[PDB]
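[1] Sequence first, structure after; it's an experimental one.
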Amino acid sequence: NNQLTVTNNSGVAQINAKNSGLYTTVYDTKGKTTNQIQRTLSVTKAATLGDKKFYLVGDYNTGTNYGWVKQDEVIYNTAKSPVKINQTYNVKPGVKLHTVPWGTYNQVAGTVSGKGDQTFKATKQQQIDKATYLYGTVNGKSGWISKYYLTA
């Protein structure tokens, strides 16, 4: 017996490169491969059709519905209330800025000069699963950067 128990969820996720695909419906049609093959966007919803855990992926910021996907093939990462510090640090030179929290191989906002510390003003922070990606501005670009990339 299976039943679509529809449930909400606040987090982010990326589906693996060697996936089945993205499930436009929970009953599925085909599950088609797309850009989300280690591209983090956001998780707006997460229901279970019986045992089958489907994570609804949405727009990076707004959470605009793109479709569901199986738990087997995803890396789901939780999120919490963001933090605000305006404390300006220097960013380590060579650091690659990421467009979305968790910041996978298909989320690059930019990169800093190999040798040359740039003034990174943080205006925001995001608490995602394990990693804390801060947000700020580096020479016209704006994006997320883990505290492990950022110099203290």
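    Looks like it came in fine. Numbers count the residues shown, from 1 in each chain.
[2] Residue 72 in helix, strand or coil?
    Here residue 72 is helix, with the state taken from DSSP: H, G, I helix; E, B strand; the rest coil.
[3] Run a quick neighbour tally on it.
    Neighbour count for residue 72, taken as other CB atoms under 10 Å: 10. In short, each C-beta sits where N, CA and C put it, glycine included.
[4] Check the one 4 residues further on too.
    For residue 76, the tally of surrounding residues (other CB under 10 Å) stands at 17.
[5] The one 10 residues further on too?
    A count of nearby residues for residue 86, using other CB under 10 Å, gives 9.
[6] Spatially central residue in the protein, please.
    The centre of the chain sits closest to residue 40, judged by CA atoms, centre = their mean, with a distance of 3.6 Å.
[7] list the contacts for it?
    12, 13, 14, 77, 100, 101, 102, 103, 104, 107 (CB atoms under 8 Å, 6 or more residues apart in numbering).
[8] May I ask which of these has the most neighbours?
    Counting by other CB under 10 Å, top hit in those: residue 101 with 27 neighbours.
[9] these two touch, right, that one and residue 129?
    No - applying CB atoms under 8 Å as the test, residue 101 and residue 129 come out as separate, 9.4 Å apart.
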